[PDB]
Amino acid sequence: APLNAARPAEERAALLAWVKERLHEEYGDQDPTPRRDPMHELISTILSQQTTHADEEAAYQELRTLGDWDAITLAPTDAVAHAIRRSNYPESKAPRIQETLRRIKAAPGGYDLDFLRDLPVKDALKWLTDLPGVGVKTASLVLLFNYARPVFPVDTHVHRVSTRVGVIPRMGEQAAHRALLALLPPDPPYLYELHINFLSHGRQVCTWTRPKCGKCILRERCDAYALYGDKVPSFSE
């Protein structure tokens, strides 16, 4: 009857703090994220759309056979599209890559994003999300992991576990970025631990279909388990 998702923000923030502590007990400092440098992360994200991880990595490395970022920026777009042919829609991704590189080069510094470290957090997010093919999750991940800014990336795993438990009601993934950050401290190491532990939990236990609730440390405070028991449905749209 009294679901977490309907509780006041202060109670949902305390719930999320409990979740963070329990997941850290389960996973510690285990980190399943790729931990890429910022240029690699941005370009990989552009290539990742509707593409498997193996094909994304292969397309990225084939792209790097064209040379450094300056050479990729200047290469004929068809050469870039051919190089990234393992990813879906290479003809559309090639101009996104070249435009993103052009904009990064024009920013202060070389092919780096260190200038983002000093910008106000919202301005830095907007600068990255303005890049073609780059969304708020990747912008948040780059700022958090590479630059220690207090933002919280929400991927499919974070969104699914948080929503099932009831830390937030059901909403879109972009909205969940604001909603979850509003429940969290401006503490980048804390935000990063929570992000990676959510990823571990979503991959190992709270899976997209048939989650393993009987193996889940969150079970006694999970809205989804309280509503469905051992029949929590797939996390759909």
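Residues carry their position along the shown sequence, with the first being 1.
- Mean CA B-factor, 1-9 versus 226-234: the higher value falls on 1-9.
- If you average the C-alpha B-factors over 83-91 and over 156-164, the higher value belongs to 83-91.
- Ranking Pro188, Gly172, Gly202, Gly28 by the C-alpha B-factor listed in the PDB entry places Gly28 at the top.
- The PDB entry assigns the greatest CA B-factor among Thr209, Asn197, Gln49, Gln61 to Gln49.
- In this PDB entry, the Cα temperature factor of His53 sits in the top third of its chain's modelled residues, the highest group.
- Split the chain's modelled residues into thirds by C-alpha temperature factor. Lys126 is in the highest one.
- In the deposited entry, the Cα temperature factor of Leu113 places it in the highest third of its chain's modelled residues.
- Residue-level temperature factors show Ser140 in the lowest third of its chain, judged at the C-alpha atom.
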